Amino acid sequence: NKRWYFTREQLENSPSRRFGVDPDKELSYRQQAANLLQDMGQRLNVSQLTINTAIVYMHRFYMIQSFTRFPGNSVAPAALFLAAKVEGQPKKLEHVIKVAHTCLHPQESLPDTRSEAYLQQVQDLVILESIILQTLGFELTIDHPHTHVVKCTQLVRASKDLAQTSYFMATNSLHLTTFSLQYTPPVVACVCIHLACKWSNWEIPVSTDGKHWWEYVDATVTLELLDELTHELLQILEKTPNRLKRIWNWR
């Protein structure tokens, strides 16, 4: 219930840290694994939801296991394979392997599907899915910040544009941060609206009571946090080449 939420001190003392990996290198390895998930995900034609679920699996997996023993390039395909089954869009084992291969070795050649080499890398993916399941203690039901985004974008009568920017922030928080390991989905959703608003220069009208739009979403959320979190999210977005461009008003 609080099993998969971690303090900043626990994020510091990660399994990858115990094996040498620096704090900034680790953040990097997660961003890379997310990118790999998004890439395979779009080619396998699964939904952003299936991918987000995969990304959270990956995130939680590396709070127990280390990047030095379990390479993201091995874990991500298996995580995606599992998430697609959990989320209703099963993809075939051979299909996920072909797509993982073309993403990781664009120039290499699809191995003979009859070789003892290929047969083995199929077994390796089935072994990893089992390791992921056991590591997550079979807890595969994931709540995403998106679920709660529609709930509080009607609460600000926001345009279709403000809403689509909020989902973009939501999806990007999963790729770029570790909020999914620190804050409940409802809180992360507020952070996403709050920043989509700052970015779009949409100002929210004070409620009839005097209270603010987010109070009707999570009782724990305070402006002191929303500003600290939207600032952290914004900084990482600025470091990520071409991302802000996608939501940038060119007019």
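Residues carry their position along the shown sequence, with the first being 1. In this text, rigid core is short for the largest set of C-alphas that superpose within 1.5 Å between two forms.
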| property | result |
| --- | --- |
| Outlying stretch relative to shown form, 191-199 versus 208-216 in 7 other deposited structures of this protein, C-alpha RMS (core) | 208-216 |
| Farther-lying stretch by C-alpha RMS in 7 other deposited structures of this protein, rigid core as reference, of 144-152 and 131-139 | 144-152 |
| 28-36 versus 213-221 - which carries the larger mean C-alpha B factor in the record | 213-221 |
| Given 123-131 and 154-162, the range whose Cα B-factors average higher in the PDB entry | 154-162 |
| Residue with maximal Cα B-factor (values as given in the PDB entry) among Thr141, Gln89, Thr113, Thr102 | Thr113 |
| Position of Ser74 among the chain's modelled residues by C-alpha B-factor, lowest, middle or highest third | middle |
| Ranked C-alpha temperature factor of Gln42 among modelled chain residues, by third | lowest |
| Within-chain third of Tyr5 by Cα B-factor, per the entry | middle |
| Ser109 by Cα B-factor - lowest, middle or highest third of the modelled chain | highest |
| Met63 - which third its CA temperature factor falls in, relative to the rest of the chain | lowest |
